[PDB]
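A quick write-up on the structure given underneath.
In PDB author numbering, the protein residues as written are 28 to 287.
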């Protein structure tokens, strides 16, 4: 197809490995590029951890308001929000917002602990029908992005279907789903990724990710004006362990898709 030819050309020009999955909810059509290859998730995994805690709050109605203590030993390599609350508390809602909208790594580790370890995050993926997602490590080592390593990976196809379920489907309760959508729409880290390749009038909710091997990811739900929403996953990784991030590649892939 024309779009797949253009994505292959983009990939060739970039020197890396690009994975794309689009779901058009108007007719449930899909566009895939390396859709079944594994990619390191890096911070895009935070969506699954937040969704898992939201699922627990359907039975534990007060769970999101529960205070969690931030201690100096909790801080890892990137904690822009948790840093502001050391020796104090943050609620699970505040931690979920920090993990999603600022990519706070301490917030992620607190969410993982609430779920009983990485196996608890993976369990939630299995419970909603995602047999591909695997979370194996905590922050920050889940970002090592070593070529061929299956740890902390998923495929574009799997993540697109799961993100659709979480945000536009009914894997979560109504209040929980609306909360997740609100969080994603309020992301602060995505301006140069998928959003940069789309018409400025479209509403986007996304979660970015980045890691070693120049790994540069973004997953997004898109609400075009007067048109059914889309789900778009873009994963990108490179051969050099010290390669720079390439958010422009994600923007260009979104632009190629939007031309459809």
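We put the beta carbon where it would ideally sit given N, CA and C, even for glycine.
Asked: Got a sec? Which residues, its chain only, sit under 6 Å from residue 38 by beta carbon, not counting five neighbours each side?; Found: 45
Asked: So residue 273 and residue 243 are supposed to be a Cβ contact under 8 Å. How far apart are they, rounded?; Found: 5 Å
Asked: Rounded C-beta distance between residue 255 and residue 79? I'm assuming under 8 Å.; Found: The pair is not a contact, with the Cβ atoms about 27 Å apart (cut-off 8 Å).
Asked: Once you ignore the five residues that flank residue 84 on each side, which residues in its own chain have a CB closer than 7 Å to its CB?; Found: 90, 91, 203
Asked: In this structure, does DSSP put residue 124 in helix, strand or coil?; Found: helix
Asked: Where DSSP assigns a beta bridge to residue 237, which residues make up the other side?; Found: 243
Asked: Threshold first: 4 residues or longer. Then list the alpha helix (DSSP H) segments lying entirely within the segment 35-89, N to C.; Found: 73-83
Asked: Assuming contact is defined by CB atoms lying nearer than 8 Å, are residue 248 and residue 225 in contact in what I supplied?; Found: no
Asked: Per DSSP, which one or two residues make a beta bridge with residue 250?; Found: 230
Asked: Whole angstroms are fine: how far does the CA of residue 131 sit from the CA of residue 258?; Found: 24 Å
Asked: Quick check on this structure: which residue in 208, 237, 205 has the alpha carbon closest to the alpha carbon of residue 219?; Found: 237
Asked: What is the rounded straight-line gap between the Cα of residue 118 and the Cα of residue 200?; Found: 20 Å
Asked: Rounded to whole angstroms, how far is the Cβ of residue 47 from the Cβ of residue 276, which I believe are closer than 8 Å?; Found: Contact flag wrong, Cβ pair sits at about 10 Å.
Asked: Taking 7 Å as the limit between beta carbons, can you name the residues of its chain near residue 167, skipping five residues before and five after?; Found: 103, 104, 132
Asked: For the segment 102-161, list the alpha helix (DSSP H) runs that are entirely contained and at least 4 residues long, ordered along the chain.; Found: 119-129, 132-141, 145-154
Asked: On the three-pair Cβ rule with 8 Å, is the segment 145-163 touching the segment 184-200?; Found: yes
Asked: Measuring only the C-alpha atoms, how far is residue 231 from residue 222?; Found: 7 Å
Asked: Give me whichever residues DSSP pairs with residue 209 in a beta bridge.; Found: Partner(s): none; residue 209 has no beta bridge.
Asked: Rank 51, 40, 61 by C-alpha distance to the C-alpha of residue 31 and give the top, closest one.; Found: 61
Asked: Across which residues does DSSP place residue 264 in a beta bridge pair?; Found: 44
Asked: What's the gap between the Cα of residue 174 and the Cα of residue 180?; Found: 11 Å
Asked: Less than 8 Å between the beta carbons of residue 139 and residue 77, yes or no?; Found: no
Asked: Can you list, in chain order, the residues of its chain whose CB lies under 8 Å from that of residue 214, leaving out five sequence neighbours each side?; Found: 127, 128, 232, 233, 234, 235
Asked: Can you tell me whether DSSP reads residue 259 as helix, strand or coil?; Found: strand
Asked: Figure out for me which residue from 121, 123, 178 has the closest Cα to the Cα of residue 376.; Found: Any answer about residue 376 is impossible in this case: the structure gives the chain only from 28 up to 287.
Asked: With DSSP as the reference, identify every bridge partner of residue 94, one or two as the case may be.; Found: 118
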